[PDB]
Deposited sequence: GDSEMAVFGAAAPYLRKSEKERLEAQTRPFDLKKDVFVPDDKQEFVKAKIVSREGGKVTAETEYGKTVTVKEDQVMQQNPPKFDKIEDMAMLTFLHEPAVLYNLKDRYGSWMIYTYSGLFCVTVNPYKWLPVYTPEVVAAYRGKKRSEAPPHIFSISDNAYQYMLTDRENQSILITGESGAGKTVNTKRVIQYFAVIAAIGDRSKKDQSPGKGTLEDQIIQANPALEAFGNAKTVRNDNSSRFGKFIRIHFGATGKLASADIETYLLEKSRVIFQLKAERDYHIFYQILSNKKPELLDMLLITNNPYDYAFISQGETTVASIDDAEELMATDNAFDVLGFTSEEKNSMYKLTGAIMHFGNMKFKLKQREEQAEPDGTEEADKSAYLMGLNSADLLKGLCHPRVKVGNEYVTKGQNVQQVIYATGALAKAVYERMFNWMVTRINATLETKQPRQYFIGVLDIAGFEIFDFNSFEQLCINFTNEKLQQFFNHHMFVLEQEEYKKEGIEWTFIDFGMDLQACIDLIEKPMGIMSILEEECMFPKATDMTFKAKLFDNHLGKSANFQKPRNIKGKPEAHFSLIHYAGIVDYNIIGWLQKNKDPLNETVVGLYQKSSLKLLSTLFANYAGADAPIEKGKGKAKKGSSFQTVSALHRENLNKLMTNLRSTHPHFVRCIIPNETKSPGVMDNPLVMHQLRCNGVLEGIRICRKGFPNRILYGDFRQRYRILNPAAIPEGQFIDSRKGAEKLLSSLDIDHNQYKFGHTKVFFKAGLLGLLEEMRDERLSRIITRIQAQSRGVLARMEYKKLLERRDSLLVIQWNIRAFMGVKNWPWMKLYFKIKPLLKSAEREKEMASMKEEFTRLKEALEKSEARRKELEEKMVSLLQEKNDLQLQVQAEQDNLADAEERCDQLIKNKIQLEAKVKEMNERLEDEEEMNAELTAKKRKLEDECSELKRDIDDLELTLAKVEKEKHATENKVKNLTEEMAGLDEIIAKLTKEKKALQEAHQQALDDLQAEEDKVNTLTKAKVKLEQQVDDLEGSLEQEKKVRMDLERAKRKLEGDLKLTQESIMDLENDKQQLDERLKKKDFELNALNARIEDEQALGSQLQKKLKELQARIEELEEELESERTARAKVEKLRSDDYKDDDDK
């Protein structure tokens, strides 16, 4: 394309040049001979047929191996004009290796985005490409998918075009495992709308800073990613009737609060703890009494304290500035540092047994003094209330003396709760900005849940995020395959139902329903003498041999102990039950929480102002609230693919990519676009939009039924009359026909305006 000059230096990474296009069309190729054949180490390899034995085929691979395969299992290659094409729905042969090798060949030229009919696939580059500069934001503005190469800016503007045209709320549903590119692609959508609203500022910059401010406190280094978002996020970008940006809401779903006090080896705590320390920043290490290196503050010192990909000194100032731009006042910004400083000291407190009483006493009090000073508490009351809490059972009060191991747990639970409530506060404080009281009518909702994880030790939080991913997959499955085909039968289109097999309700019912895994947790936390082995027994008794997705654990040697295994969509996940009743119930020491309410630090008193509704129950209802509100939107999906486990750029592993293409239903999602009628318009809206293509077809002032007008109009265009169908109230278009009708509309808008201009000369 000669128009690629508007994309500047980004152009080689968005489209192949015409110099490369002429090489593609001049490849040696025989349509009868060039085929894909399966292989073990890499899922499919290109091959050339050398002989035929009826239903058996034998072929020579790209790597010179001989192979023999059955005729149902060998799949024709696309001819070389379909090299690296931008939308895989337009291929002539559509199958697994056609999608695999089209993505691999685009990614090998660093064209990381590809369309898949109605949705887009993103393959993670471990290299910052220049395709995201604000000249490319300008270059994507108002271009259609028929024009511009695929990009996250294309999806953003396409959703924005639907929002204004349909007058319907839109959503961008970004999906993928951990390490896939979900968070930066979220940021680019947020960058796109902000810069477009700047090209038209304070709200535009603040919306951009809202991400790195939350990343300091909400992201952490994990084995799959150095910047894993330990919280799910939904961003509603709000627009007015004229389409200009008007507000944003951030909502966050479930922070991994156990990370605050516990980390596995080979992973970090949250970035905030290490970035304060690693700059050795003179003001913060004196104000927070945290003078040391990180290996002595117990809560953060386990795991890894340094990561090569992150220069914590520069990331500190980036997020310190982020809170400045978001208008956190000096006392607020200092206070939220103070609580992170206190939490570091709060894990160093030492307790010992009193010599006869089976009761804890403080062993060392210097680190409690530091904690109480920063938290504005009284240190004597803190240590007393931590060891000897008052508990009440109606009007009866009694002191229960804590043992040394369970006062340590009480310090852990309090440290988690301060951090969680401070992170929740910070979100509400970011949403105190960004709400600008400008009027709004529509939103585009960008979702970036915590992606799917399989660790060497999976716990209750890994269950919550993997459940959240499975629900969002079933949202895709229901929208693409069930709700789509219901509308064909509802409108009376000649359609016979196709079973794609993409259904997950058996595994969601195993978790959600009132006898499922989480429903056992909400009652087993209520019985005071229940235990984790009592839970595991009741869990197995209800589900082992009664749900196909609930299996016995497969403990391989060397890996830790796991107590059951779930057959999730993205893979089998083995879960350890220890602590789940405590984690679900979340009992805080009410005496020390009473000290927190009386804190001199204005933040800490606010966090615990106002403190049956277990965290699994809250999660399930927040997630069910989300997807009911999400069904009231037009969804755009972005499939983020991690190509490679080792994080090395441009390297791509075919089994790991194919696993993600299969379980995300990518091939099926294209097939319903090719087979079905993916575009459709009400006859009233069709007449409203496209009468300009042939104004003589539908003469107005006479009454005409909307169905009767549209049926006449569509025959006169000289588009293919087989590419559309008529329903009771909608016309239904095949894959490419709306893209053709829009191009026909824009050239006819261009023709009429230039002739209006010609008349504006003709009057002179």
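A.B. asks: List in ascending order the stretches of the deposited sequence, numbered from 1, that lack C-alpha coordinates.
C.D. replies: Comparing the full sequence with the modelled residues, the uncovered ranges come out as 1, 202 to 212, 624 to 642, 796 to 1145.
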